[PDB]
Amino acid sequence: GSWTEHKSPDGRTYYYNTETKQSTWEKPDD
Amino acid sequence: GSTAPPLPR
């Protein structure tokens with residue numbers, strides 16, 4: 001794992017892959 | 001913590 005749990009400007013939460021430069025609204029636990 | 005990454009599309 002190399003993602004980063006961030007917070008959207010709306011009030012939600014989105015992760016960001018700091019290894020592949022990606023993003024998602026769910027916790028990347030693959 | 002202003003600077004932040006883009007949003008997932």
# chains A, B, ... in the order shown; residues from 1 in each chain; ligands from 1

call {"tool": "residues_around", "arguments": {"residues": "residue 27 (chain A)", "least_positions_apart": "3", "cutoff": "8 Å", "atoms": "only C-alpha atoms", "output": "ChimeraX atom specification"}}
result
/A:5,14-15,24

call {"tool": "residues_around", "arguments": {"residues": "region 9-12 of chain A", "least_positions_apart": "5", "cutoff": "12 Å", "atoms": "only C-alpha atoms", "output": "PDB file with N, CA and C atoms, in the first residue's frame"}}
result
ATOM      1  N   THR A  24      -9.210   7.542  -5.455  1.00  0.00           N
ATOM      2  CA  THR A  24     -10.431   6.762  -5.297  1.00  0.00           C
ATOM      3  C   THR A  24     -11.231   7.230  -4.087  1.00  0.00           C
ATOM      4  N   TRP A  25     -12.503   6.854  -4.043  1.00  0.00           N
ATOM      5  CA  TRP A  25     -13.375   7.237  -2.938  1.00  0.00           C
ATOM      6  C   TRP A  25     -13.452   6.126  -1.896  1.00  0.00           C
ATOM      7  N   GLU A  26     -12.802   5.003  -2.185  1.00  0.00           N
ATOM      8  CA  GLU A  26     -12.799   3.866  -1.271  1.00  0.00           C
ATOM      9  C   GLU A  26     -11.384   3.557  -0.793  1.00  0.00           C
TER      10      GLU A  26
ATOM     11  N   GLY B   1      -3.160  23.111   5.522  1.00  0.00           N
ATOM     12  CA  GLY B   1      -3.259  21.982   4.615  1.00  0.00           C
ATOM     13  C   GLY B   1      -4.058  22.308   3.369  1.00  0.00           C
ATOM     14  N   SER B   2      -3.751  23.445   2.753  1.00  0.00           N
ATOM     15  CA  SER B   2      -4.452  23.874   1.547  1.00  0.00           C
ATOM     16  C   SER B   2      -4.078  22.991   0.359  1.00  0.00           C
ATOM     17  N   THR B   3      -2.782  22.916   0.071  1.00  0.00           N
ATOM     18  CA  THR B   3      -2.293  22.109  -1.039  1.00  0.00           C
ATOM     19  C   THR B   3      -2.718  20.653  -0.891  1.00  0.00           C
ATOM     20  N   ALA B   4      -3.439  20.147  -1.886  1.00  0.00           N
ATOM     21  CA  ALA B   4      -3.906  18.766  -1.867  1.00  0.00           C
ATOM     22  C   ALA B   4      -4.011  18.203  -3.280  1.00  0.00           C
ATOM     23  N   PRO B   5      -4.029  16.865  -3.384  1.00  0.00           N
ATOM     24  CA  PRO B   5      -4.127  16.173  -4.674  1.00  0.00           C
ATOM     25  C   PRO B   5      -5.498  16.340  -5.318  1.00  0.00           C
ATOM     26  N   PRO B   6      -5.603  15.950  -6.597  1.00  0.00           N
ATOM     27  CA  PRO B   6      -6.855  16.047  -7.354  1.00  0.00           C
ATOM     28  C   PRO B   6      -7.906  15.057  -6.864  1.00  0.00           C
ATOM     29  N   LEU B   7      -9.121  15.185  -7.385  1.00  0.00           N
ATOM     30  CA  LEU B   7     -10.217  14.300  -7.000  1.00  0.00           C
ATOM     31  C   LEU B   7     -10.335  13.128  -7.968  1.00  0.00           C
ATOM     32  N   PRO B   8     -10.718  11.958  -7.437  1.00  0.00           N
ATOM     33  CA  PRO B   8     -10.882  10.741  -8.238  1.00  0.00           C
ATOM     34  C   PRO B   8     -12.082  10.819  -9.175  1.00  0.00           C
TER      35      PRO B   8
END

call {"tool": "atom_distance", "arguments": {"atom1": "CA of residue 17 (chain A)", "atom2": "CA of residue 2 (chain A)"}}
result
5.8 Å
